């Protein structure tokens, strides 16, 4: 470039390329002859061949070059084990590993971490030395949660970042296009080969007005989530625009983008503006803010760019919301959730109140919660509900501890957890309830699908802002309304809660903390990575079978799934995180949470030759060692949720060939294709009704598998009738080669020596 500004402090030699962004935007701009949205500018500004790339929203697969890769320790293991199989020497773009997903909440900060490190020394150590070996930066356990370390250190306007986590859109709060992927997408960028992405549509949400009172940034995506729903954002990027943008802070902007993962959006982004400039300078990146100020026409939407749908939200009419209890999109004003709870049969007294995580743990957030705590304490009140605080990073723990917020929150009775996901992915030894107990918990997180936080199917979880969680945790009931209601203080007087006031960023600078990162040594030409051969924690990958050149006749249906089938139903979290680097060990959780349309139950499918009902994993393995290839049949938005590539490897390992659904979620469908399976959707969703557990399917036409050509499937019913349906797919000729080779990885390897 002519400028020479580093990407971050951890890669001083790797410089931001806005000259390249601008050359490619301008190449593109002139083929297209129209105004581009901001996400078109950053996405198309990162094409590997802008002159030849065919660009059609919701139609072409864009071939991109991401700037940096970020991995999280529950998905970095499989990501690094597949990278280890590419055979490549070192990674090709800046990459980092963050250790946040294997630390369980039990006693508090310090104690839960010493136990995580003892318990997990094998995995942490594989990650650290594979880091030292292949050049990936390593954030040491307890250092923070990946989306917070990224926003505070690695995100900047104009970055195209990919992370092995669904909540990676968090970065859009700093004007970057940060998309979540499975580990095999991460090894493509890391291997140096172009990454593909189906050209997104752009939903535009225009923000008008200013935020007030109890209303936070969190509210804007709770309202939008309710407006679009879980199915609403699939295939698009939500771009936020309007006067109202400058009324939100950078970390508030990151809250909104972060929760956009729950409506199925490819990512979410906000335009470079002064709030982001400010945060850049307060997080030690004044120079990124200054460089960006000179490339500002490339970091805002063009005038009159076109959104395929526009949603208009008035921040000034907006008022506090609590979403749930079993999806992020049943939206409620905080004002009404009391009544709905009693009309509906929802536990009214709030059991545990949880604030924090990477969605709501900025200094601003911690401060507004403390500004509510400070008033209850000022009337000798304390938390009527159990209360936990999770800092998203060591830097946020260190700075809020120092500016006093952390003690305020201990004084109303909160317990500060380790700077790790903890109860947000379900990594929580909860004890106040009995299992099966019916109870209500309120968090400031994002996802509140079933059993996500404690695996108690009957726990009713609502998500809202940290300030409303504190206010409702002192109250101990969903019946309470902060805005309106009075509290009886220790002294017998009533008073009400003042809407919090708080500094957006520290008056002072931010305390980084001690000893959070391990640099890769460009030194250790002799760094060695060893997976002990008999480890129950880690296992080297073994190449999947290449395709047989034949059609898939007489496939047995392992399970026909009724309803919602999220990646937590396919590959559960909680206790299976322990085996996230061991494929034949986590495979014993294949589809145990899914509902079998035959008997309305989970984990009891009927074995075809023994005619006895039992676990799905077992039955699949049965089929496998008997030579039975099988298929999974699903309903809408299959593979919905978390990025877990183990939802695609695990059917591949137990002998699955195809998953035929009415619709797939984005990240799950890339992962099926990457692992050599067939993701197929019905060309008519009414055909899901022609297929029964007992039918055998033949998928025909693999021989002349073509982009756009649909596949013909013959349904063979027990009485000798058969039916023929058509099945569509989104395989381009790049993905058909992954199919052929048996996985994308087997293909990757054919491009060297075969």
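Positions refer to the first chain, counted from 1.
Higher mean CA B-factor, judged across 667-675 and 135-143 from the recorded values: 135-143. Averaged over Cα atoms, the B-factor as recorded in the entry is higher for 593-601 than for the other of 593-601 and 164-172. When the C-alpha B-factors of 538, 352, 289, 499 are ranked from the entry, the top spot goes to 499. Note on 191, 74, 358, 79: the highest value goes to 358, judged by CA B factor as recorded.
When the CA B factors of the chain's modelled residues are split into thirds, the value for residue 700 lands in the highest one.
Ranked within its chain, residue 94 lands in the lowest third, by CA B factor from the PDB record. The deposited CA B-factor of residue 39 belongs to the lowest third of values across its chain. Compared with the other modelled residues of the chain, the Cα B-factor recorded for residue 218 ranks in the middle third. Residue 694: CA B factor lies in the lowest third for its chain, per the PDB record.
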